[PDB]
């Protein structure tokens, strides 16, 4: 009654003229596109993650639309991510599945993705490594901090987090902690332990993450309720 504004509390509140357009219908879409083309070449979640992040970074840096199809980009970001993450997928294999999955007004060829590849690398100044919150997660599990169930839930959140572009606003460990906290939020023993890992320097970001994560599921949970 007093404040359904908590709904608005899930929006920039300062328009798009200040600090990033994270977790938009496009963000959510793009992540999905990467997942699609990825599940085709039966690629692992780690490669998708790296690929969506390289794309996110590219978009941000990119300042002059070069008329590249989001599909072409996604295709190249997958190709590049496979080369980097040591799960190479021959240039050819990608062009095929790309076309055999996409009815593109411009068929993808060797030169096609190659120009894009350079376009990305060039713009990203060869900065292709991407760190993910997965390491943190497995670690907390390894050190016996979180049980197996918690891990899996938190791990899922992280996978889902890749439709929000939080990867451009928070360090992998911060996002990881948020996911972990959201997860073991009910276990009274786990929490204290998790709070230890979190240093005040992270505090805000972690909270920042938790917010975006929640909004993610309630911008995907309200869409279904409206239907």
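Residue numbers count along the first chain shown, from 1.
Looking at mean Cα B-factors across 159-167 and 34-42, the upper value is held by 34-42. Mean C-alpha B-factor is higher over 193-201 than over the other stretch, the pair under comparison being 50-58 and 193-201.
Per the PDB entry, 105 shows the highest C-alpha temperature factor of the residues 132, 105, 149, 83. Annotation for residue 116: C-alpha temperature factor in the middle third relative to the rest of the modelled chain, per the entry. Remark: residue 99 belongs to the highest third of its chain, ranked by C-alpha B-factor as recorded. Remark: residue 93 belongs to the highest third of its chain, ranked by C-alpha B-factor as recorded. Among the modelled residues of its chain, residue 9 has a C-alpha B-factor that falls in the highest third according to the deposited record.
When all modelled residues of the chain are sorted by CA temperature factor, residue 76 is found within the lowest third.
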